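Since the structure comes first, as structure tokens, the remarks are kept for the end.
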Amino acid sequence: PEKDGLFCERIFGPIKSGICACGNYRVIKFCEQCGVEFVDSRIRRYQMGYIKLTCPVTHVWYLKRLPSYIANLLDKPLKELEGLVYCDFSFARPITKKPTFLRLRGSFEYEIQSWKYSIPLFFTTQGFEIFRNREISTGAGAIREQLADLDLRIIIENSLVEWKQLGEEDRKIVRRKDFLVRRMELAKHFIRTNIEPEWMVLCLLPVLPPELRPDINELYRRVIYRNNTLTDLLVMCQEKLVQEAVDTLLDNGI
Amino acid sequence: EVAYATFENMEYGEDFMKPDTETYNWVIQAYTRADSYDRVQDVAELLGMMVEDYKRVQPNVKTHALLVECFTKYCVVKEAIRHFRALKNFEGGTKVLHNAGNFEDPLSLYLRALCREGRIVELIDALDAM
Amino acid sequence: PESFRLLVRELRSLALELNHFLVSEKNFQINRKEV
Amino acid sequence: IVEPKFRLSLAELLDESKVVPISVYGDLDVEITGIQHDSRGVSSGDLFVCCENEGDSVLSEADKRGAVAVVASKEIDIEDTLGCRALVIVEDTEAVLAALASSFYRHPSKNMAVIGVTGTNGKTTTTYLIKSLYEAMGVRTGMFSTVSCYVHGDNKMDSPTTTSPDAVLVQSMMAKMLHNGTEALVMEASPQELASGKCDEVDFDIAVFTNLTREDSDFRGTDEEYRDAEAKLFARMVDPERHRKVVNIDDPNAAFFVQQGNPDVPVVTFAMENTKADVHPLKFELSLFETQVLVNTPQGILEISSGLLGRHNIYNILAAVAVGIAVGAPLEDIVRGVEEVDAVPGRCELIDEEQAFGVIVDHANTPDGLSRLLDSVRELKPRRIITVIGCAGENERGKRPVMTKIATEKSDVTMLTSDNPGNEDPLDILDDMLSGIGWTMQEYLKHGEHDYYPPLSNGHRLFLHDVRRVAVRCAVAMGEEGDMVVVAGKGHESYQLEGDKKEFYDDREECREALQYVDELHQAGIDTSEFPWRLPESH
């Protein structure tokens, strides 16, 4: 097994009970030369690993499976939200809990011209990177900032008043009413549980134990390969490759 | 769910095991002070079961104080007002609802919810009871 | 059981955790089973 | 710069300094190559002086670093804890400290002309002006200032970042100037330094008094003690043939100082409003970029065009003129020296990049310092005043609402920002500042969502940003023709403390660099008249 690989004995345990990577044997805690824990080899059926993603990726279950959970919680159409993940789009003003000074808002299909040369030069590149991902962001990371900054109690009150207004006033009004009830139902469950909505965007990728993957291994290799490529560059096209590969691993055919 | 399992043992048992008013109060109180999840539907169904048992079971002061506390917490204010009116006729009354300031002071929450919703005429009547 | 322990790991691959808790009927203490 | 080398025995150092020890242990013939009072600065061969406020761990640190003899006020067990070859017990370590430093460095102040400037205001700019005045006469002049220390000319010393140099340090650097050829020196004589006795062993030649206002909240004493502390410099005005006095007679106190010392010492009086002064202006013109003053002097009239701003800087010019008058300096040297100084760092320092609005960087970080600064800017008659201000974190929590009320009532546009957060969250300090006008961070952020920040009750504008680099440059971009942008708080300091690391940050550089690139931002279609900016691709 290759060191620090998908079958590494640092991460998942020995392939032989009581036998280390170097070959030292002990009767059934860590080897000084290699670091293998001297335990039964059965731990490879239950020991998890993880991949540290250089860029966050959305969980395909909560974005693409209709009706979308992320799109319903953010009250944005999946079309305008899918391009933020798989297209060359950018979202302005992702957050609302920190000071900002630009009048940009919404999704920009193109790129801001002044944001490319004038603004980075005026504030210097080092000083620009600090507040850059507060006025306009891109990728699944922009979605995570929106989810993390959501005021779930504001969602309930805004949905309720909008719901009542439509009642005072044919296939769209009914459909919009069902959207609002789903959104306020979703917000309520987050409030009374310990689930954070920002966990719908993955920062780390858990890895199945090796004994359960003696297809999945190739999909893991693709995610590691592109994720290692992306950290070497540090681009947006490479982020799409990492995000798409994780979508394939989690749920293909979507 | 622990208290509700015992209640079901009694509700669907023999005659000598049937719930009394105190039995309903304990199960209602268990749901009102639950740590997680929405329990307002469980309380409202228990209330309907208690009402269906009217020939044998009648409320007391604790029943209305618990129901005012539950509906106030979930902001079902119009139902908290109905049960506060019944609570006024019981001596002691608002003191039981105050719970000595424990469990986030249900007496103050009822007053705050009335103020936040512009139900001032009800709010004054609450102060008279106090 | 191996059928259920293996299920938990496959669910963990999708960033879901499946915990089994026992609530004691005597003292109401919650015990997390080793799964 | 050449480092002087001093070698004195312990017995000689005590004999020269006239310090009478309570008891002496060890060897008195131990050679001393240095004197230190802070243990972290003690080197091998240094004499350590232990102040009463430093514990037993300090003594071990000095011994570990190579201290050969120790001076302290209390008996210390040498035989088991200290490897030092000698120990000296004295009644008062702080008072002896000044005498030991002067004796070790051989009283260098006796070989130069020493000019001390005292007062609450104008010490640093007058010291900068007078040093240029002495240099215009060809005298190699050093300087001791809160901002900088020079041996002569442009030869800057790497001064430690201490707001009040110790008695040992003052003597230590002073001899270094002598070894390098310095003939005259100008030092700030702050009340705290004079009260603490750090400058007790300095042979001042000329004493200059500027003004006295109760501003320094850091002074641990009464107003009379604050006044008498500054009188210590004037008390030493003894020799009529060698000493001179320069007093500002506009201050009501000035009579008290004139009576200090020998009354026979000559006194030269300067005043902006009192025409009875020896040196006083006849007419002056104030603008955003320069001041022009016609000053009447006992030796004639002078014409001065200075880059210094504000009428408070006219006093500093007059004091430099009177000192030049007192030393009988050539009138032409008076004009050239004053006009040579353009920007004392952090003291209303004008940042000039050939633009239509003035940009000044000041060190004002107090409610009364900011009030005085903004009233001096208003008299220059700008169309608008734009102030960038912040508050330090974990300390001075009482001035946060006060400084916002002052800025919003005297500045047309106020930009709050971060001054030195430390371990406190910058948005928490800004919330404390916002409370002084009745706002909260949540309300300000709500206005940001609606992309519109309303003005205040008085019609002024308040904006906010927790990144100092962003807030400083965005305020320069709000400048128009005939405005003034005031970047207060830091002044000449070159660090922004975030957490525990002191990241390098200069306010002067940010204003300088923002002025260069503000042109390309405006032609790119960006409207930076206020917050938020209007990009061409935003509606």
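Protein chains in written order, with the entry's author numbering: chain D, 50 to 77, 85 to 225, 234 to 278, 291 to 310, 321 to 340; chain F, 262 to 391; chain C, 1038 to 1072; chain Q, 230 to 768.
Cβ coordinates follow ideal geometry from the N, Cα and C atoms, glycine included.
#1: Mind listing the chain D neighbours of C/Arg1069? Cutoff is C-beta to C-beta under 8 Å, in chain order.
#2: Pick from Q/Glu722, Q/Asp597 and Q/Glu470: whose alpha carbon is nearest that of Q/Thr442?
#3: So that I know if they touch, is there some Cβ in chain Q lying closer than 9 Å to that of D/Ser170?
#4: I'd like to know whether the C-beta atoms of Q/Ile615 and Q/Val715 end up nearer to each other than 9 Å.
#5: At a CB-CB cut-off below 8 Å, which residues of chain Q make contact with D/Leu177?
#6: For a minimum of 4 consecutive residues, which ranges assigned as the alpha helix (DSSP H) are wholly contained in the region 262-321 of chain F?
#7: For Q/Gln521, count the other beta carbons within 10 Å of its own beta carbon; 16 or more makes it buried, fewer makes it exposed. Which is it?
#8: I want to see whether chain C comes within less than 9 Å of D/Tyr125, judged by CB atoms only; does it?
#9: Between the Cα of D/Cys90 and those of D/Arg98, D/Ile99, D/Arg188 and D/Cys71, spot the shortest distance and give me the residue it belongs to.
#10: Please identify the residue among D/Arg247, D/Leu203 and D/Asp205 whose C-alpha is closest to the C-alpha of D/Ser215.
#11: Below 8 Å on the Cβ atoms is my guess for Q/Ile554 versus Q/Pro527; work out the distance and round it to an integer in Å.
#12: Quick check on the DSSP output: the alpha helix (DSSP H) that includes D/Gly139 runs from which residue to which?
#13: Evaluate D/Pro150 with the Cβ neighbour count: other Cβ atoms within 10 Å of its Cβ, from every protein chain shown; 16 or more gives buried, anything less gives exposed.
#14: Is D/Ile211 close to chain Q? Criterion is C-beta to C-beta, closer than 9 Å.
#15: Please list the partners that C/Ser1040 has in chain D, where partner means a Cβ-to-Cβ separation under 7 Å.
#16: List the DSSP bridge partners of F/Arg380.
#17: Three or more C-beta pairs closer than 8 Å, one from the region 539-546 of chain Q and one from the region 322-331 of chain Q: is that the case here?
#18: Sort Q/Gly295, Q/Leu560, Q/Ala458 and Q/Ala753 by Cα distance to Q/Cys313 and report the nearest one.
#19: Measure how close the beta-carbons of residue 185 of chain Q and Q/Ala506 come, nearest whole angstrom, since I'm counting them as under 8 Å.
#20: Under a three-way DSSP split, which group does F/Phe332 fall into?
#21: Any C-beta of chain D within less than 8 Å: which residues of the region 1041-1052 of chain C qualify?
#22: Check whether chain D comes within 9 Å of F/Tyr292, counting only Cβ atoms and requiring the distance to be less than that.
#23: Are there any heavy atoms of the ligand FAD lying less than 8 Å away from the beta-carbon of F/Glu365, as far as the coordinates show?
#24: Let me check one thing: in DSSP terms, what residues is Q/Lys385 bridge-paired to?
#25: Taking a Cβ distance cut-off of 7 Å, strictly less, list which residues of the region 97-119 of chain D are near chain C, in chain order.
#26: Sort D/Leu160, D/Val328, D/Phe178 and D/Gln202 by Cα distance to Q/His751 and report the nearest one.
#27: Closest Cβ-Cβ distance between F/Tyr265 and chain D: below 9 Å?
#28: Return the chain-ordered list of same chain residues with a C-beta closer than 7 Å to the C-beta of Q/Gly529, the five sequence neighbours on each side being excluded.
#29: Using CA atoms only, rank isn't needed, just tell me which of Q/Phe433, Q/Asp736 and Q/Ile435 is closest to Q/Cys703.
#30: Taking only three categories from DSSP, how would you classify Q/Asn503?
#31: Helix, strand or coil: how does DSSP classify Q/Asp445 here?
#32: Is there a Cβ of chain F sitting closer than 9 Å to that of D/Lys252, yes or no?
#33: Would you give the residue range spanned by the alpha helix (DSSP H) that D/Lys120 belongs to?
#34: Which of helix, strand or coil does DSSP assign to Q/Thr411?
#35: Return yes when the Cβ of Q/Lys303 is within less than 9 Å of the Cβ of Q/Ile318, no when it is not.
#36: Our contact map puts Q/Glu364 next to Q/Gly348 with C-beta atoms below 8 Å; I'd like the distance itself, whole angstroms only.
Taking the coordinates as given:
#1: For C/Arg1069, no chain D residue has a Cβ inside 8 Å of its Cβ, as the nearest lies near 15 Å away.
#2: Ranked by how close their Cα comes to the Cα of Q/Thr442, the residues Q/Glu722, Q/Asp597 and Q/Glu470 have Q/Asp597 in first place.
#3: Yes, contact with chain Q.
#4: Between Q/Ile615 and Q/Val715, the CB-CB gap stays under 9 Å.
#5: At a C-beta separation below 8 Å, D/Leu177 has these neighbours in chain Q: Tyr746 and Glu749.
#6: Segments of the alpha helix (DSSP H) lying fully in the region 262-321 of chain F: 263-272, 282-293 and 301-313.
#7: That one is exposed.
#8: At a cut-off of 9 Å between beta carbons, D/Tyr125 makes no contact with chain C.
#9: Comparing C-alpha distances from D/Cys90 to each of D/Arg98, D/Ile99, D/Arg188 and D/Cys71 shows the shortest one belongs to D/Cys71.
#10: Considering only alpha carbons, the answer is D/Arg247.
#11: With a contact defined as Cβ atoms closer than 8 Å, Q/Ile554 and Q/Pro527 qualify at about 6 Å.
#12: Run containing D/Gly139: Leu134 to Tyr142, per the alpha helix (DSSP H) assignment.
#13: It is buried - the Cβ of D/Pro150 has at least 16 other Cβ atoms within 10 Å.
#14: Not closer than 9 Å to any Cβ of chain Q, the Cβ of D/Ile211 fails to qualify, so no.
#15: Those do not exist, as C/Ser1040 stays about 12 Å from chain D at its closest Cβ, beyond 7 Å.
#16: Its beta-bridge partners do not exist; DSSP assigns none.
#17: The region 539-546 of chain Q vs the region 322-331 of chain Q: no contact.
#18: Per the Cα distances, Q/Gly295.
#19: The question about residue 185 of chain Q has no answer, for chain Q in this structure spans 230 to 768.
#20: Helix, per DSSP.
#21: Residues passing the 8 Å Cβ filter: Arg1042, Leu1043, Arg1046, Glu1047, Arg1049, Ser1050, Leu1051 and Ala1052.
#22: Taking Cβ atoms only, chain D never reaches closer than 9 Å to F/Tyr292, which makes this a no.
#23: Among the components of this structure there are no ligands whatsoever, and the ligand FAD is therefore not found.
#24: Q/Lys385 is bridged to Q/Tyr379.
#25: Per Cβ criterion, the list reads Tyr102, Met104 and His115.
#26: For Q/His751, the closest alpha carbon among the candidates D/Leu160, D/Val328, D/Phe178 and D/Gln202 is that of D/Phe178.
#27: Output row for F/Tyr265: interface = no.
#28: For Q/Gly529, same chain residues with a beta-carbon under 7 Å away, outside a window of 5 residues either side, are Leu560 in chain order.
#29: Nearest to Q/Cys703 by C-alpha distance, out of Q/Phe433, Q/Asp736 and Q/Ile435, is Q/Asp736.
#30: In this structure, Q/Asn503 counts as coil in the three-state DSSP scheme.
#31: Three-state DSSP puts Q/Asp445 in coil, outside helix and strand.
#32: For D/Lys252, a Cβ of chain F is located within less than 9 Å of the residue's own Cβ.
#33: That run of the alpha helix (DSSP H) goes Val116 to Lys120.
#34: Here Q/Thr411 sits in coil by DSSP.
#35: With contacts defined as CB atoms closer than 9 Å, Q/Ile318 and Q/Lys303 qualify as a contacting pair.
#36: About 23 Å; that fails the 8 Å criterion.
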